[PDB]
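Scroll down for the structure; my scribbles are underneath it.
No lab work stands behind these numbers, since they all come straight from the coordinates. Counting neighbours? That spans all protein chains shown, and the Cβs are built from the backbone with ideal geometry, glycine included.
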RNA sequence: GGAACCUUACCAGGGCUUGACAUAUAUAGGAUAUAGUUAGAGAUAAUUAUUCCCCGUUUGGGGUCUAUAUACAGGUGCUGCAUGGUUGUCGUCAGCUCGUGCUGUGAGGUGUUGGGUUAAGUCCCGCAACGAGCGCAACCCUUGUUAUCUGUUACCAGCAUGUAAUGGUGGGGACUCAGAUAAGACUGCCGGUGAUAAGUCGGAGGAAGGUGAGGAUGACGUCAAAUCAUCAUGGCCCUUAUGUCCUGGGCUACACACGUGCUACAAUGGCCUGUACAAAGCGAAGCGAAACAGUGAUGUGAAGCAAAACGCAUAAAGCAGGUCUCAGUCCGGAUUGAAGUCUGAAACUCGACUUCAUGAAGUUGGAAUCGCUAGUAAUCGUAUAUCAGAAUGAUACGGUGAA
Ligand SMILES: [Zn+2]
């Protein structure tokens, strides 16, 4: 019970949940006991994920651990982004205004709809073809 | 439905492939539901009246 | 009818290679089938190929100018007054400018003859850069078709 | 396109069938080049006939006509005449310039 | 860990009487003076049925129902013969049902 | 075919099922169907004697003990002769099921604060060629004066035996069907007649 | 296309009728309903009328008929070669 | 929300006539019973084993079926224009009416005709109108934040640690999570505008702002709209028949015309190899693992499990490499031939799947026409219902994700 992780946070996305742990270090990232770069194979999604750190100019001095499950690759990237934002907030009040300016505190409550009877999908309907 | 068909469904066939489930309330041969052992129309009527415990309307 | 649509998303100014919204929008227009990663890779590779076919370091510059060489100015919108349909000219808005440009390049590149993915699209991109090809032809066609029918310009309602 | 004559609960005398055809050649001088389909449904339900004619136009207009009668010949005469007149009216709608 | 535990699962259609029976049991066992592990809520089981509305052709129009089952769990430490006997002896309002494992 | 069943709307919000028990997957269908059998047999055996019962509701605390509660406003007549009719139920029920049936009679306090009772009364009246408009007006007035905050009655069918079917409706007070927190009582009844069948529906807001 | 582990299908009544015909020198015709019975190689060279729902259609069975089913040679619906 | 038999209402055939099934009236000794025989396609009849049994200590009795004679049964036969019930539709469109009063000889009108305003007959003011009811909205259920309560079968941070693969093991309430109880969003507040209004455009706080998103909820009535074929039902109709038991055929038939979907025509792709990330569901005659055999469909086996405990089930697009070169092609996989897999008594007409070969039409499709405003179109898989077996349909779930 060292509690070396100085702060902890949670983040959510479409159907994914990630738990974030701030530790002292050179900024290394550990995700699901695997390398961050090897796990999130898309550099686009990795930049997606590390954007909160670059905005809060804190990368390279805090190490991150992530336990993430659910959702797809993009969903997990968004979830860990939200988790990083919440962890930085839990750390310092100073970053609150800039994070809220970038919208990193309000999470995408947007989720997939449900299918409806009489519809091929959430909104698509069957063909009419009146003639 | 046809009471004779209801009784024959109740009875034992020569083998199970010869027998089909029926709503034994109304004997409708089809639209059956195993969890309730009755057809869609009987299920709808009685669940709507609340005679089937645990079954309420679904908001999704 | 109930105008003043809700504020667009606009938040996707792609934070991957250039922090530029216009590249993101171009990739989105590129998309088939719901495959953002494929579109992003194709676009990145193709613009790189263009930047080394013209051998400049700054790829933003050449990409943006090849877009602006196709962004149109005045287009034709059809109205009708008194049972007479008139193809009145009207000035486009800037967003519609990028839209029409990107649509024209994409259509020409897809319908061209080529070997491969970024091959087709880089080839079309430099043709636009040099102000020649199907995309530029379509742009100038729209331009001077609108100009050939400038008499009705007083119908801008 | 050429017209589709359907029937329910009734049997087509060839007399009445070519009666229907003879009433329908009125279209193929003026209207045929403007329509997608022309369906004519006959039903015999309450010791009477119920006729439903239906036409689709190339510009998105849909014409429907429902009638009842006692004698098939008279019902067909009235219903086809009404259908032709309404079709002419729509054609003139559009061509009024 | 523990010498043995009594695993008792409470099943119901109705949350109110399910909960009522839950505190009834917890009071009944704390009367017998045994250490207790918290009433722990299991996920509710939802079975959705979609049925036609009209008794005939109309297909686009339907109606949906659920069956909802609510489940709670109680764990009893250091099983006692008298404690198990009392648990079996307890009477219970209809609509809430009990499953016991030693 | 509009107008969803109000009871179905109000179940689990402010109403409850007409059968109090719960069982797992193994026993559910069999016990459900034995409940249905209980109702149909009781109602056959009683509407042989033409009796109008508000409800038949079941309580099953035990997989082999069952409590059947008939709720009605003429409890003595329903009882019959010294509970001999009560046991006439019970013996017949055990003649087909293997459980212990205890029958109790729930007395109705306010006969016109019960939509089902109102509906049965209407149906019996129109079964004896009573004029539908007069019957509906009288029943509406009586139950509205007794203290109900809103009442609506609709009968349909061959009224007065004409060839052409018709429906007649009366109402006054508040009958807010779309309100969920409303306490709306709904009753349905049905009259067999020499000219056909006549449906009677009653909504009553409290 | 049954499994091998099941072997071919012949109805039992038809099968002992086939054995009786095999033990009889008289080559009598056998009338049958079980169209699903496989032509077992033993019952080559017989004459069987199978019911196609209307009438008993007869066949002489040769060796090469083996492996088929009896219904394969009793047409059940007739087309007059024209749709008028 | 499943036509190989049953289903099944049709057809060619064979039996039964208080009937395949009931209730009640009086006989006179078992029911059908379990397993077979005789013929049979089976239904069937003759049969063989055997009985009036149980409560009473048996006769008399209490009821029970034979097997008879009836009251009676029966019908998916006609009429939805004799009907109930249920449903579609205009239409989740915002309308539809009543009490009293006033007004017109009257049918009626006013209220509900005015100016603003809203998604709305929503709201404000004025007006011979004053009020009210069914609707709108709200109350409800999911999802979106936080607080308390509980940490197994769930969770795993800091510990040890099982070589794995598994929080797997000892451990731990921190977190997620599950589900109960509550808070929270009400134009609440601020600025401008608006008739001091109703309202309206931005701003702050905040997870959520102007109905947050979705669902449920469908007024008076219309179309003699759909259904007697789910049930109920008036009248008519058959009564060894239109009823009923079984065998087989049929609902799967074709020179044709139209509607709904799937797969494609290929390079935002096909094929080969390696690797990564889900949710919602289902399991008792049912889930069926580890492994082995097999190119494969699957086979033997049984662990575990009435299951947030185990199983279905290592999701697919994706990514990392090799190959193809615009070719009717390594595109397309229809069609047929051969050999297999599973289901059940049986799958020839008329099941699904696999292996091998066969490789057609098809070059983005005329007139015309459909769906969709954001997690939406588009595409990729998963699960369920009916079910012995058999979905491109239907219901539901998640992944990527626009213009
Ligand atoms: Zn039924």
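Of note:
- Bridges between two residues of the protein assembly as shown, per DSSP, are antiparallel at a rate of about 85%.
- In chain F, the DSSP beta bridges split such that about 75 percent are antiparallel, to the nearest 5.
- Cα long-axis angle, helix C:117-129 against chain C (0 to 90 degrees, to the nearest 10): 60
- Shielding score for E:62-73, defined as the mean number of other chain Cβ atoms within 10 Å: 5
- Ranked list, fewest to most other Cβ atoms within 10 Å of each Cβ, for B:38, E:88: E:88, B:38
- Summed over qualifying helices (DSSP H, 4 residues or more, each -39500 (n - 2.57)) and divided by its residue number, chain A shows a 222 nm mean residue ellipticity of -10000 deg cm²/dmol.
- Within 10 Å of the Cβ of each residue in C:33-45, the mean number of Cβ atoms contributed by other protein chains is 1.
- Simple spin-label estimate for residue D:8 and residue C:33 gives 4.5 nm between the two label positions (7 Å along the Cα-to-Cβ direction from each Cα).
- Normalised contact order of chain A, rounded percent, pairs of Cα under 8 Å and 6 or more residues apart: 31
- Counted by neighbouring Cβ atoms within 10 Å, the residues F:16, E:85, E:99 run from fewest to most as E:85, E:99, F:16.
- Calculated mean residue ellipticity at 222 nm for chain F: -10500 deg cm²/dmol, from DSSP H runs with n ≥ 4 weighted as -39500 (n - 2.57), summed, divided by the residue count and rounded to 500.
- Dividing the alpha-carbon radius of gyration of chain G by the rule-of-thumb value 2.2 N^0.38 Å gives 1.20.
- Among F:184, F:13, F:101: highest mean-square fluctuation, GNM of chain F, C-alpha pairs under 10 Å: F:13
- Its DSSP H runs of at least 4 residues, each contributing -39,500 (n - 2.57), put the calculated 222 nm mean residue ellipticity of chain B at -8500 deg cm²/dmol, to the nearest 500.
- If you run the Gaussian network model on chain C, springs between alpha carbon atoms under 10 Å, then out of C:90, C:14, C:81 the most flexible one is C:81.
- Pairwise centroid distance, computed over Cα atoms, of the range G:42-73 with the range F:1-60, Å: 59
- Sequence-distant contacts, meaning Cα pairs under 8 Å at least 6 residues apart, place the relative contact order of chain C at 24 percent.
- Residues residue E:90 and residue F:105, FRET efficiency given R0 of 41 Å [Cβ-Cβ distance, rounded to 0.05]: 0.90
- Taking a ≥ b ≥ c as the square roots of the eigenvalues of the alpha carbon gyration tensor, chain F is prolate, as a/c is not under 1.5 and a/b beats b/c.
- Among F:169, C:98, a tally of other beta-carbon atoms within 10 Å of each Cβ gives an order, fewest to most, of F:169, C:98.
- Pairs of Cα atoms nearer than 8 Å and 6+ residues apart set the relative contact order; for chain F it is 19 percent.
- Cα extents for the protein assembly as shown along the principal axes, largest to smallest and rounded to whole angstrom: 107, 98, 91.
- Label sites at residue F:37 and residue A:97, each approximated as a point 7 angstrom past Cα along Cα to Cβ, lie 7.8 nm apart.
- Residue E:31 paired with residue E:71, simple spin-label distance in nm, labels 7 Å along Cα-to-beta-carbon: 2.9
- Beta bridges by DSSP in chain A, antiparallel share as percent, to the nearest 5: 85
- Classification of chain A by its C-alpha gyration tensor yields a prolate form. The axis ratio a/c (a ≥ b ≥ c) is 1.5 or more, and a/b outweighs b/c.
- Largest mean-square fluctuation among A:119, A:41, A:76, in a Gaussian network model of chain A whose springs join Cα atoms under 10 Å apart, belongs to A:119.
- Folded to 0 to 90 degrees: helix C:59-68 orientation relative to chain C principal axis, Cα: 20
- Angle in degrees between helix G:12-23 and the longest Cα principal axis of chain G, rounded to the nearest 10: 70
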